[PDB]
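Asker: For reference, the structure I am asking about is given below.
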Amino acid sequence: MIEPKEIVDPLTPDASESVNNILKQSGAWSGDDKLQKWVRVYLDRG
Amino acid sequence: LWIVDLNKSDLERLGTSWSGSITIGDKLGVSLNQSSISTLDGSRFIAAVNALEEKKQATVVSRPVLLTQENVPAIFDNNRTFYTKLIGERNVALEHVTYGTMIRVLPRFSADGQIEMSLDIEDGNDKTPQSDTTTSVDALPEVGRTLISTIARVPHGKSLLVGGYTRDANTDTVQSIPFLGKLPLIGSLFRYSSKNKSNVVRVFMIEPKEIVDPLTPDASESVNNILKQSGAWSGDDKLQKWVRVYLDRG
Amino acid sequence: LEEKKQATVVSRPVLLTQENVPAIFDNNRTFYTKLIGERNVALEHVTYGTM
Amino acid sequence: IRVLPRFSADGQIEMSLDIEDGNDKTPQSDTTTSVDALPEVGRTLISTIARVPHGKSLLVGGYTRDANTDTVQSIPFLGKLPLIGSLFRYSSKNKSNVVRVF
Amino acid sequence: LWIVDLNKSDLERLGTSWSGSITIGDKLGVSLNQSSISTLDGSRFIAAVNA
């Protein structure tokens, strides 16, 4: 089968809230660590 | 960009399957299910039951980051090899999977503030027939190869999808004996049922952002918080400081 | 011997472009399944390609 | 690493980067701690011009990864009775999470 | 330039997995999990635990 659709809008909600609902529920969240947060924090908000 | 994978599968196997032969007085030989009498004369008929089931679930989320100027190309690619510990040190073996990634882009600015880019991306492992033992494939999940070739524009600081793949599947079979598999009392001792079900999504996202500022705090304070807490700091040594000090402050 | 077999599989790719520009998507996963036995060891596998 | 730098007017530096780092893919270190002794880092390659103000530090590219794995292998009938039903399980979790940035 | 790496992993493995076969009076043979009787007649069923 086939079906296209037109798209003009960004994703709602945002992608940074999608994966942070994945990683805190699949059991792989890695922001608690006080050894690795010193270099992820350069990398999440700019 | 955001790689993301979700895998989920369960499988069950239960039932018997019979074979073998009998004999009567060296005058007649009755065999069940292709058991040749030319290999067996008194070996009576046997059975085989299978019982095993499981539930598998695995996720993997990875992301590359890279910056350019506008109207200039750039390439990023990467491939690590992930090992896992097969059980045994003298009875020795290993198994390993390479995990490759590639991305090249060509961005520009618009008038109203949105970014337009030019994407070829790749991700996956190479097809390797390996990990022969049952949990050896279970240790490291597999993700297939993929390739996009797409220009796509997106408003400032927000996230748009660029392509994906989903898949759902079942399987059902009931293998049995024709006459004796329907009587109510022990008729379900002659079944052989094996369901199977897996369902997998995988999608590539993208989001750019504009950047004008240097990193806050500085990088020399980042690694000096790493090395004094991971336990590898090397400024205490009175034999090696005489040449690192030419090298930290100019 | 007799049996009854039934199987379904439903898959979908998604992708976007602009208008009047080409684009390619292709994919191939390999699906393993657990043959019964760990020391009596064997596997079997099928690649599933899409373009 | 190869580079090609120049000065700007206001004091910032603009450079031209191709960098590489890693080991070559070697199937080796067969014993269990032999891989554990020396860690592995994958190959990487950048091709980027990037400018940065004087004396401060800017990021040029990186890679992170998170993963799980869960499986519960058991016997269908006898794996649910309360008394010794958990003697027929086979559970094996797995979890790794790795960052790396230039 | 500054290379930096952080790696972290943990892994656990626990449980059993069974196999083997029995016999009754040289008249019938019941086997669990692909144990062929064509290699074994009196070798009773075994287990394997990993921890």
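Every chain in the structure tokens has a letter given in the order shown (A, B, ...), and although residue numbers restart at 1 in each chain, ligands are simply numbered from 1 in the order shown.
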List as a ChimeraX atom specification the protein and nucleic acid residues near residue 46 in chain B, meaning an atom at most 8 Å away when only C-alpha atoms are counted, but skip any in the same chain fewer than 6 places from it.
Answerer: /B:18-20 /E:27-30,37
Asker: Counting only C-alpha atoms, collect the residues of chain B whose closest atom lies at most 7 Å from chain C, and write them out as a ChimeraX atom specification.
Answerer: /B:132-134,143-152,162-178
Asker: Please report as a list in words which residues of chain E come no farther than 10 Å from chain D, using only C-alpha atoms.
Answerer: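 The complete set of qualifying residues is residues 1, 2, 3, 4, 5, 6, 7, 8, 9, 10, 11, 12, 13, 14, 15, 16, 17, 18, 49, 50 and 51 of chain E.
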Asker: To one decimal in Å, tell me the separation between CA of residue 45 in chain E and CA of residue 186 in chain B.
Answerer: 24.4 Å
Asker: For a quick test of understanding: name the residues of chain A lying within 8 Å of chain B when counting only C-alpha atoms, and present them as number ranges by chain.
Answerer: A: 10-11, 14-15, 26, 35, 38-39, 42, 46
Asker: My list of candidates is A:19, A:28, A:2, A:7. Which is closest to chain D when distances are computed with only C-alpha atoms?
Answerer: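 Under the stated criterion, the closest residue is A:28.
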Asker: Find the residue from B:208, B:97, B:190, B:38 that sits nearest to residue 45 in chain A; use only C-alpha atoms when measuring.
Answerer: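 Once distances to residue 45 in chain A are computed over only C-alpha atoms, the minimum belongs to B:208.
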Asker: Identify every residue of chain E that has at least one atom within 12 Å of any atom of chain C, counting only C-alpha atoms, and report the result as a PyMOL selection string.
Answerer: chain E and resi 16-20+32-36+47-48
Asker: Take the residues just selected and output them with N, CA and C atoms as a tab-separated table (two decimals), in the first residue's frame.
Answerer:
```tsv
chain	number	residue	atom	x	y	z
E	16	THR	N	19.27	-21.58	35.61
E	16	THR	CA	19.60	-22.91	35.11
E	16	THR	C	19.04	-23.10	33.71
E	17	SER	N	19.35	-24.26	33.15
E	17	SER	CA	18.80	-24.70	31.87
E	17	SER	C	19.00	-26.20	31.79
E	18	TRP	N	17.93	-26.93	31.54
E	18	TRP	CA	17.96	-28.38	31.70
E	18	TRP	C	17.94	-29.10	30.36
E	19	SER	N	18.28	-30.38	30.42
E	19	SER	CA	18.34	-31.25	29.25
E	19	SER	C	18.41	-32.69	29.74
E	20	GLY	N	18.40	-33.62	28.80
E	20	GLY	CA	18.60	-35.03	29.09
E	20	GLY	C	17.37	-35.86	28.79
E	32	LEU	N	14.17	-34.79	26.94
E	32	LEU	CA	13.97	-33.36	27.09
E	32	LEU	C	15.00	-32.63	26.25
E	33	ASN	N	14.51	-31.73	25.40
E	33	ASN	CA	15.31	-30.69	24.75
E	33	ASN	C	16.42	-31.27	23.87
E	34	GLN	N	15.99	-31.94	22.80
E	34	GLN	CA	16.80	-32.35	21.65
E	34	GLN	C	17.88	-33.38	22.00
E	35	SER	N	17.78	-34.02	23.16
E	35	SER	CA	18.71	-35.09	23.52
E	35	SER	C	18.34	-36.34	22.72
E	36	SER	N	19.16	-36.69	21.74
E	36	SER	CA	18.88	-37.85	20.90
E	36	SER	C	19.16	-39.14	21.66
E	47	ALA	N	21.65	-31.03	34.41
E	47	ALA	CA	21.33	-29.62	34.50
E	47	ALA	C	22.61	-28.81	34.30
E	48	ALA	N	22.46	-27.49	34.27
E	48	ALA	CA	23.60	-26.60	34.14
E	48	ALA	C	23.20	-25.24	34.68
```
Asker: Select residues of chain B: the criterion is any atom within 9 Å of an atom of chain D, counting only C-alpha atoms; output as a ChimeraX atom specification.
Answerer: /B:12-14,51-69,72-96,98,135,138-141,213-216,218-220
Asker: Could you find all residues in chain C that DSSP calls strand (DSSP E) from the backbone, and write them as a list in words?
Answerer: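 Filtering chain C down to strand (DSSP E) leaves residues 2, 3, 4, 5, 6, 9, 10, 11, 12, 13, 14, 15, 25, 26, 27, 28, 29, 30, 31, 32, 33, 44, 45, 46, 47, 48, 49 and 50 of chain C.
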Asker: Could you write out, as a ChimeraX atom specification, all the residues of range 3-57 of chain D that DSSP marks as alpha helix (DSSP H)?
Answerer: /D:34-37
Asker: Take the selection from the previous step and output its residues with N, CA, C and O atoms, as a tab-separated table (two decimals), in the first residue's frame.
Answerer:
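again-v7.tsv, freshly written:
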```tsv
chain	number	residue	atom	x	y	z
D	34	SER	N	41.85	-10.23	29.63
D	34	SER	CA	42.79	-9.71	28.64
D	34	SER	C	42.19	-8.57	27.83
D	34	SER	O	42.90	-7.64	27.45
D	35	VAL	N	40.89	-8.64	27.55
D	35	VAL	CA	40.19	-7.47	27.02
D	35	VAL	C	40.00	-6.43	28.11
D	35	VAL	O	39.98	-5.23	27.85
D	36	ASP	N	39.92	-6.87	29.37
D	36	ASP	CA	39.60	-5.96	30.46
D	36	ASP	C	40.79	-5.10	30.81
D	36	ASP	O	40.64	-4.00	31.34
D	37	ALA	N	42.00	-5.58	30.52
D	37	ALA	CA	43.24	-4.89	30.82
D	37	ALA	C	43.33	-3.55	30.09
D	37	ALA	O	43.45	-2.50	30.72
```
Asker: If you measure from CA of residue 16 in chain B to CA of residue 194 in chain B, what distance in Å do you get, rounded to one decimal?
Answerer: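 Spanning CA of residue 16 in chain B to CA of residue 194 in chain B is a straight-line distance of 11.1 Å.
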Asker: So that I can see what lies close to range 39-43 of chain E, please list as an MDAnalysis selection string the residues with an atom at most 8 Å from it, counting only C-alpha atoms and leaving out residues fewer than 5 positions away in the same chain.
Answerer: chainID E and resid 20:23
Asker: Output the contact residues of chain B with respect to chain E at a cut-off of 6 Å, based on only C-alpha atoms, as a PyMOL selection string.
Answerer: chain B and resi 44+46-50
Asker: How would the residues just chosen look if you wrote them out with N, CA, C and O atoms as an mmCIF file, in the first residue's frame?
Answerer:
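Output (out13.cif):
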```cif
data_model
loop_
_atom_site.group_PDB
_atom_site.id
_atom_site.type_symbol
_atom_site.label_atom_id
_atom_site.label_comp_id
_atom_site.auth_asym_id
_atom_site.auth_seq_id
_atom_site.Cartn_x
_atom_site.Cartn_y
_atom_site.Cartn_z
ATOM 1 N N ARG B 44 12.919 -50.291 19.969
ATOM 2 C CA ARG B 44 11.518 -49.910 19.973
ATOM 3 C C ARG B 44 11.366 -48.394 19.868
ATOM 4 O O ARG B 44 12.335 -47.634 19.910
ATOM 5 N N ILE B 46 10.549 -44.441 20.097
ATOM 6 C CA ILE B 46 10.921 -43.437 21.087
ATOM 7 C C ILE B 46 10.103 -42.170 20.887
ATOM 8 O O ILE B 46 9.300 -42.074 19.956
ATOM 9 N N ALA B 47 10.328 -41.185 21.746
ATOM 10 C CA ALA B 47 9.646 -39.906 21.684
ATOM 11 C C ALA B 47 10.660 -38.796 21.905
ATOM 12 O O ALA B 47 11.834 -39.047 22.184
ATOM 13 N N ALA B 48 10.192 -37.557 21.793
ATOM 14 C CA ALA B 48 11.043 -36.393 22.024
ATOM 15 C C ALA B 48 10.147 -35.220 22.362
ATOM 16 O O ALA B 48 9.308 -34.831 21.546
ATOM 17 N N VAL B 49 10.322 -34.656 23.550
ATOM 18 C CA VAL B 49 9.522 -33.528 23.997
ATOM 19 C C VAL B 49 10.433 -32.311 24.074
ATOM 20 O O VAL B 49 11.625 -32.431 24.376
ATOM 21 N N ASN B 50 9.899 -31.156 23.707
ATOM 22 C CA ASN B 50 10.617 -29.901 23.816
ATOM 23 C C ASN B 50 9.819 -28.929 24.662
ATOM 24 O O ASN B 50 8.602 -28.813 24.516
#
```
Asker: Could you work out how far CA of residue 101 in chain B lies from CA of residue 2 in chain D, giving the answer in Å with one decimal?
Answerer: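 CA of residue 2 in chain D sits 22.5 Å away from CA of residue 101 in chain B.
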